Structure formats: C-alpha cells, structure tokens
Amino acid sequence: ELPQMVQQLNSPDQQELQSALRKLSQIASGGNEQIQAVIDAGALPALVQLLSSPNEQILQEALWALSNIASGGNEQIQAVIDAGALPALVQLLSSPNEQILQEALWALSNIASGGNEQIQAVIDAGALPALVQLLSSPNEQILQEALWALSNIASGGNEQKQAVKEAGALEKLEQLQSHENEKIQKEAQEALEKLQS
C-alpha cells in the first residue's frame, strides 16, 4: 500500500496527508529493507516538498521520516541528498521552533555519518556556519547534537577537516572545554582531537 500512501502526500485533506505521513515515518523507522521500500515507492521527492509546509506538525513528521531514511545505508543517504533535501535541512537549523531545529540536526548528522563525499555535500550545502552558531546554544540538548554533527563531519577526509577549521570551529571547541557540563567538555575535546595535526 506504499504507492497509495505516497499519493496521499498530495491530499487536499490535511488530515489524510498527515495520516499517510505518520505511517510512512513508522515504516521508515524499520530496517534497511523497509527504508528501501519507502524510497522505491517514490516518497523522497514528496517528503522534500513537505519541508516547505507552514504547518509545523507536518514539517516535524516529514523531518522524522527523512532522518529515519538517512539513518540507513550510504545508498539511502545518497537518495536523500539526490532528492535535494540538504538546503532546506540547513535552512531549518535556524528555525525559531527548537523541535524542528533538533529534527533537522538529526537528519544532517545522519547524512554526515556517510562517506566523505556525503560529508562534503553537507558542507557544500552551507551546514558549517549554521552548526558553528549552534555551539552557542544555551539549550544543552541542541548544543550536544550540533557537537555530534560537527564531530561526524570532522571524522571525514582532510578536505572536510579543513573546511571545519575555516568555519571557525576551533575557537569555540576550545572554549567548550570549560562548559559547566562534563559530557560537553568531553565531546568538544574529542572533536578537537579529530581536527588536530
């Protein structure tokens, strides 16, 4: 019934659209075969379009589905990138809605867990200045997520590491070694270790 669910993401009926979205999200949270089923059904272009929704509930569920898909294999990560999700995802890092922000962060972190070229796609989409700004968040959950995302990027190749340094991450990471939260100090230190020569 996947193609019918995907067709419903066009429903003039917001209730029908949201129902279908919730179910696709559920399926995408399964294993890699489940994710591939959702991708094969053509869900990705629809999900990416829904990132433009002014309805924040629809937005949140679309992000949940995309983050799930991005948690699959490198080919499934590649499908999300090829569908053009990245610019909208990076834009959402500046949402005043912190729940939407966190979900976009999850998706980007999952993408940045892929190959060096997938990491480079995240950087090319403008993620670094947005992520570095998030290191200033007073919300420790957001801070930790941004730290994890930057750490994933910093786990890439030399070209990726160099981009992180050029975005000014080194200063803030060193400052965070004095953060009141010991877990944050630790995660910042490890990111610095990855960037070190």
# chains A, B, ... in the order shown; residues from 1 in each chain; ligands from 1

$ residues_around --residues "stretch 96-98 of chain A" --least-positions-apart "3" --cutoff "10 Å" --atoms "only C-alpha atoms" --output "list in words"
residues 56, 92, 93, 101, 102, 103, 104, 139 and 142 of chain A

$ select_by_dssp --residues "chain A" --states "helix (DSSP H, G or I)" --output "ChimeraX atom specification"
/A:2-8,14-28,32-40,43-50,56-70,74-82,86-92,98-111,116-124,127-134,140-154,158-166,169-178,182-195

$ residues_around --residues "stretch 170-172 of chain A" --least-positions-apart "5" --cutoff "10 Å" --atoms "only C-alpha atoms" --output "list in words"
residues 132, 133, 135, 136, 164, 165, 177, 188, 191, 192, 195 and 196 of chain A

$ residues_around --residues "residue A:18" --least-positions-apart "6" --cutoff "9 Å" --atoms "only C-alpha atoms" --output "PDB file with N, CA and C atoms, in the first residue's frame"
ATOM      1  N   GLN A   8      -1.098   9.952  -1.213  1.00  0.00           N
ATOM      2  CA  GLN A   8      -1.834  10.736  -0.222  1.00  0.00           C
ATOM      3  C   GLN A   8      -1.070  11.957   0.293  1.00  0.00           C
ATOM      4  N   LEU A   9       0.237  11.994   0.064  1.00  0.00           N
ATOM      5  CA  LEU A   9       1.032  13.141   0.479  1.00  0.00           C
ATOM      6  C   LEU A   9       0.706  14.356  -0.382  1.00  0.00           C
ATOM      7  N   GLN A  57       3.456  20.760  12.383  1.00  0.00           N
ATOM      8  CA  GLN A  57       3.235  19.343  12.666  1.00  0.00           C
ATOM      9  C   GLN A  57       3.587  18.468  11.465  1.00  0.00           C
ATOM     10  N   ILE A  58       3.196  18.919  10.275  1.00  0.00           N
ATOM     11  CA  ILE A  58       3.545  18.249   9.021  1.00  0.00           C
ATOM     12  C   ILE A  58       5.053  18.317   8.809  1.00  0.00           C
ATOM     13  N   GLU A  61       6.908  15.843  11.155  1.00  0.00           N
ATOM     14  CA  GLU A  61       6.808  14.440  10.785  1.00  0.00           C
ATOM     15  C   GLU A  61       7.602  14.145   9.513  1.00  0.00           C
TER      16      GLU A  61
END

$ residues_around --residues "residue A:48" --least-positions-apart "5" --cutoff "8 Å" --atoms "only C-alpha atoms" --output "count of residues only"
4

$ residues_around --residues "stretch 37-42 of chain A" --least-positions-apart "2" --cutoff "8 Å" --atoms "only C-alpha atoms" --output "count of residues only"
14

$ closest_residue --among "A:78, A:158, A:67, A:36" --to "residue A:121" --atoms "only C-alpha atoms"
A:78
